[PDB]
Amino acid sequence: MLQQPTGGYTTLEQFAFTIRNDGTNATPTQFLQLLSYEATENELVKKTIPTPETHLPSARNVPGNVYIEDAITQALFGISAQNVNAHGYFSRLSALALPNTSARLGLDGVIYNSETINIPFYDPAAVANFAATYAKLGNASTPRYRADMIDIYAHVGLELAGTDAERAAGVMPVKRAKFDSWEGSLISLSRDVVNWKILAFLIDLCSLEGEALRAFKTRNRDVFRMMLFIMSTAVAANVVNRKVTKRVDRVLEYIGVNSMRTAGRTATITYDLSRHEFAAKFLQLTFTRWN
Amino acid sequence: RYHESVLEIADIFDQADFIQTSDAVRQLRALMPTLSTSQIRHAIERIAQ
């Protein structure tokens, strides 16, 4: 079980997160700086977010040994995922929040019926509060319940390049990111983030309380910023390379605006239409719960 | 104490997008006989055809 560590499940250290800065790994805090910010004459307003309708898909138990945690990490960051929004996997998960259910979430991220001995997991109460909230994403696709997209992205930007006087205020000028590069760097970081066990960071974002939370948000303010950037890459429209001195540089065109497609079909990772339907309803939950 | 003979390769600039060619092209040039106007015209024609 591992019970739960007080101060997070992310303070354990068995499973952490390191972006591979080429031949040598690093920490998310250490990577953010290699990037600078260019203020352009465009402005976004921080728009309020609507509440999420409470109606997570009912319990079914088809027998699949569903890799729910693996599926989640794949769509947001994964390189060209397929059938991400199919209905069967989530429905199975929602069974989890149920008081008294022989169905334990494996530590490795695989869900089971009944149990096992050889495999340690997360105590049933930690997962109960988790699936209470991320089961809802399941039906994000329905015509009626479906979430926005062209507007949640007014938040992505403040975090990635949000100046402190800017996230203190409401409006931030449209920025333009640019950082050093190794050519295959955009895909390379996206290939890397896929294995962070992003389950651990979320299954504890619903279990931590009033003080343990105040300390959690003030430390992992990076581990969040990271997956936000890699995600904001697929969305922004034009990638321009600058050849200076003996250096080479990647510019991400606009941090805060949904172009609606492409980014660079070759220079980065792309988002299908069944991705904007997903990544959107995702951010609508983590953001709200986050703040 | 006399001089010598070397080459510069125009490295004294450090501005990119110019000086693409390097030292070695000059060495190749000072090896063939001096080409006259009609010889150059002939040489252009031959490589073209």
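Going down the list, the protein sequences come from chains E and U.
Mapping of the first sequence onto my numbering: residues 531 to 821, in sequence order.
Mapping of the second sequence onto my numbering: residues 310 to 358, in sequence order.
Where is the CB? At the ideal position from N, CA and C, for every residue including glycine.
With distances taken from CA atoms, which of E:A670, E:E573, E:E568 and E:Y597 is nearest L586 (chain E)?
-> Residue mapping note: residue 586 (chain E) aligns to position 56 of the first sequence, counting from 1. Comparing Cα-Cα distances from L586 (chain E) to each of E:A670, E:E573, E:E568 and E:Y597, the minimum goes to E:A670.
Inter-residue spacing [alpha-carbon to alpha-carbon] between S718 (chain E) and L316 (chain U) = For the purposes of this step, residue 718 (chain E) is identified with residue 188 of the first sequence, where counting begins at 1. For the purposes of this step, residue 316 (chain U) is identified with residue 7 of the second sequence, where counting begins at 1. Their Cα atoms are separated by approximately 42 angstroms.
Check whether the Cβ atoms of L565 (chain E) and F709 (chain E) sit closer than 9 angstroms, and answer yes or no.
-> The count along the first sequence starts at 1 and reaches residue 565 (chain E) at position 35. The count along the first sequence starts at 1 and reaches residue 709 (chain E) at position 179. Cβ atoms of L565 (chain E) and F709 (chain E): closer than 9 angstroms.
What residue ranges within the region 543 to 629 of chain E form continuous beta strand (DSSP E) runs of no fewer than 3 residues, ordered along the chain?
-> Within the region 543 to 629 of chain E, the complete beta strand (DSSP E) runs of at least 3 residues fall at 565 to 574.
What's the C-alpha gap between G786 (chain E) and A569 (chain E)?
-> As a working note, residue 786 (chain E) is residue 256 in the first sequence. As a working note, residue 569 (chain E) is residue 39 in the first sequence. Rounded to the nearest angstrom, the two C-alpha atoms are 12 angstroms apart.
Can you tell me which of E:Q534, E:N551, E:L574 and E:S804 puts its alpha carbon nearest to the alpha carbon of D681 (chain E)?
-> In the first sequence, the residue the question calls residue 681 (chain E) occupies position 151. Answer by Cα proximity: E:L574.
Leaving out five residues before and five after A742 (chain E) in sequence, what residues of the same chain have Cβ atoms less than 8 angstroms from its Cβ?
-> Here the question's residue 742 (chain E) lines up with position 212 in the first sequence. These residues qualify, in order along the chain: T536, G537 and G538.
Distance between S644 (chain E) and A767 (chain E) (C-alpha atoms, nearest Å) = For the purposes of this step, residue 767 (chain E) is identified with residue 237 of the first sequence, where counting begins at 1. For the purposes of this step, residue 644 (chain E) is identified with residue 114 of the first sequence, where counting begins at 1. Their backbone Cα atoms lie some 47 angstroms apart in a straight line.
Under the rule that 16 or more other beta-carbon atoms within 10 Å means buried, what is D734 (chain E), buried or exposed?
-> For the purposes of this step, residue 734 (chain E) is taken as residue 204 along the first sequence, with counting starting at 1. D734 (chain E) should be labelled buried.
Output the distance between the C-alpha atoms of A627 (chain E) and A662 (chain E), rounded to the nearest integer angstrom.
-> If you number the first sequence from 1, residue 627 (chain E) lands on position 97. If you number the first sequence from 1, residue 662 (chain E) lands on position 132. Rounded to the nearest angstrom, the two C-alpha atoms are 5 angstroms apart.
Which two residues bound the contiguous beta strand (DSSP E) that contains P654 (chain E)?
-> Position 124 of the first sequence, counted from the start, is the residue given in the question as residue 654 (chain E). Segment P654 to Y664 is the alpha helix (DSSP H) holding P654 (chain E); no beta strand (DSSP E) there.
With distances taken Cα to Cα, identify the nearest neighbour of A605 (chain E) among E:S789, E:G794, E:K811 and E:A684.
-> The residue labelled residue 605 (chain E) in the question sits at position 75 within the first sequence. Taking only the C-alpha atoms, the option nearest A605 (chain E) is E:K811.
Simplified DSSP assignment, three categories, for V781 (chain E) | On the first sequence, position 251 is the one that residue 781 (chain E) refers to. It is a strand residue.
According to DSSP, residues forming a beta bridge with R772 (chain E) | As a position in the first sequence, residue 772 (chain E) is number 242, starting the count at 1. According to DSSP, which records beta bridges pairwise, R772 (chain E) is partnered with E:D779.
Could you give the C-beta distance for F545 (chain E) and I760 (chain E), rounded to a whole number, given that I count them as a contact under 8 angstroms?
-> Position 15 of the first sequence, counting from 1, holds the residue named residue 545 (chain E). Position 230 of the first sequence, counting from 1, holds the residue named residue 760 (chain E). About 19 angstroms; that fails the 8 angstroms criterion.
Hey, how far is the Cα of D653 (chain E) from the Cα of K666 (chain E)?
-> Working through the first sequence from its first residue, we reach residue 653 (chain E) at position 123. Working through the first sequence from its first residue, we reach residue 666 (chain E) at position 136. Rounded to whole angstroms, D653 (chain E) to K666 (chain E) spans 21 angstroms at the Cα level.
From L562 (chain E) to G553 (chain E), what does the alpha carbon distance come to, in whole angstroms?
-> Taking the first sequence and counting its residues from 1, one reaches residue 562 (chain E) at position 32. Taking the first sequence and counting its residues from 1, one reaches residue 553 (chain E) at position 23. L562 (chain E) and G553 (chain E): Cα-Cα distance of roughly 18 angstroms.
Compute the Euclidean distance between the alpha carbons of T343 (chain U) and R350 (chain U), then round it to the nearest angstrom.
-> Counting from 1 along the second sequence, the entry for residue 343 (chain U) is found at position 34. Counting from 1 along the second sequence, the entry for residue 350 (chain U) is found at position 41. When rounded, the distance between both Cα atoms is 13 angstroms.
Determine the contact status of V657 (chain E) and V596 (chain E), defining contact as a CB-CB distance below 9 angstroms.
-> Counted from its first residue, the first sequence places residue 657 (chain E) at position 127. Counted from its first residue, the first sequence places residue 596 (chain E) at position 66. Not in contact: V657 (chain E) and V596 (chain E) (Cβ atoms no closer than 9 angstroms).
According to DSSP, residues forming a beta bridge with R706 (chain E) = Numbered from 1 along the first sequence, position 176 holds the residue referred to as residue 706 (chain E). In DSSP, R706 (chain E) forms a bridge with E:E568.
What's the call for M679 (chain E), buried or exposed, on a 16-neighbour Cβ count within 10 Å?
-> Translated into positions along the first sequence, residue 679 (chain E) becomes position 149. Under this definition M679 (chain E) is a buried residue.
DSSP state of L743 (chain E), grouped into three classes?
-> Residue numbering aside, residue 743 (chain E) sits at position 213 when the first sequence is read from its first letter. Three-state result, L743 (chain E): helix.
Cα-Cα, which of E:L732, E:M757 and E:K705 is closest to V723 (chain E)?
-> The count along the first sequence starts at 1 and reaches residue 723 (chain E) at position 193. Of the listed residues, the one whose Cα sits closest to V723 (chain E) is E:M757.
What residues are listed by DSSP as bridge partners for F812 (chain E)?
-> As a first step, residue 812 (chain E) is located in the first sequence; it is residue number 282 there, counting from the start. Secondary-structure assignment with DSSP links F812 (chain E) through no beta bridge to anything.
Establish whether the CB of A569 (chain E) and some CB of chain A are separated by less than 9 angstroms.
-> Of the protein chains in the structure, E and U, none is chain A.
Within 9 angstroms, strictly: CB atoms of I728 (chain E) and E599 (chain E) = By 1-based counting over the first sequence, the position of residue 728 (chain E) is 198. By 1-based counting over the first sequence, the position of residue 599 (chain E) is 69. Going by C-beta atoms, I728 (chain E) is nearer than 9 angstroms to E599 (chain E).
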